[PDB]
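Written below as structure tokens is the structure these notes are about.
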Amino acid sequence: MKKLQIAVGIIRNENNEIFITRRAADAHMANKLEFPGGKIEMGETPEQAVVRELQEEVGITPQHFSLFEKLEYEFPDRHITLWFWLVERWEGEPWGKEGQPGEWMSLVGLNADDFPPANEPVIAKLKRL
Ligand SMILES: Nc1nc2c([nH]c(=O)n2[C@H]2C[C@H](O)[C@@H](COP(=O)(O)O)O2)c(=O)[nH]1
Ligand SMILES: [Mg+2]
């Protein structure tokens, strides 16, 4: 009964663009362009898990809050929970502790190709805008 939760939040920049983590630099599998919000599982709740890890995945002080969407699926003998949170602003630069340097990119034109294909069902909704 192995289960693991993950909570993410696309940080909204000052130009209707959101900063995401593009596999940091490379480390193989560059098509895993993901966003901050990893490790909320630990022992928190869908509410404090992200809110708490947010500081750890943002570090800065951004007007960030609200959930855009949430995906709950369990792999063949695995339980992976992924919550997509919505962000409206962020002061300075996002650091927290995601571990994958990113840049301010327009979310309105996010690509399911650069990001992980295993998380398309979620993007399939926003991707179509
Ligand atoms: N957004 C997103 N999260 C994912 C994908 N695949 C995947 O294992 N995760 C999550 C679930 C796990 O709890 C966790 C494993 O790596 P971390 O320890 O770096 O968070 O990340 C994915 O394709 N998209
Ligand atoms: Mg974390």
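Residue 80 in the authors' numbering sits at position 80 of the sequence shown; the count goes up by one each step and never skips.
Here a beta-carbon is modelled for each residue, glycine too, at the ideal position from N, C-alpha and C.
By the DSSP assignment, the alpha helix (DSSP H) with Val87 in it spans what residues? No alpha helix (DSSP H) holds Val87; the beta strand (DSSP E) holding it covers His79 to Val87.
Locate the alpha helix (DSSP H) running through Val122, then write down its first and last residues. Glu120 to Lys127
Near ligand 2: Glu34 beta-carbon under 6 Å from a heavy atom: no
Of the choices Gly99, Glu74 and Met29, whose alpha-carbon is the least far from that of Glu57? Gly99
Which class does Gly59 belong to by DSSP, given the choice of helix, strand or coil? coil
With contact counted as at least three CB pairs below 8 Å, one residue from each stretch, are the region 47-55 and the region 21-31 in contact? no
Sequence-distant residues of its chain with Cβ nearer than 6 Å to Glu41 (five each side left out): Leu4 and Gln5
Can you list, in chain order, the residues of its chain whose CB lies under 6 Å from that of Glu91, leaving out five sequence neighbours each side? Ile60, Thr61 and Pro62
Excluding the 5 residues preceding and the 5 following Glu88 in the sequence, name in chain order all residues of the same chain whose CB lies nearer than 6 Å to its CB. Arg12 and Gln63
Starting from the N-terminal end, write out each residue whose C-beta falls within a distance shorter than 6 Å of any non-hydrogen atom of ligand 2. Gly38, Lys39, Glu53, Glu56, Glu57 and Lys97
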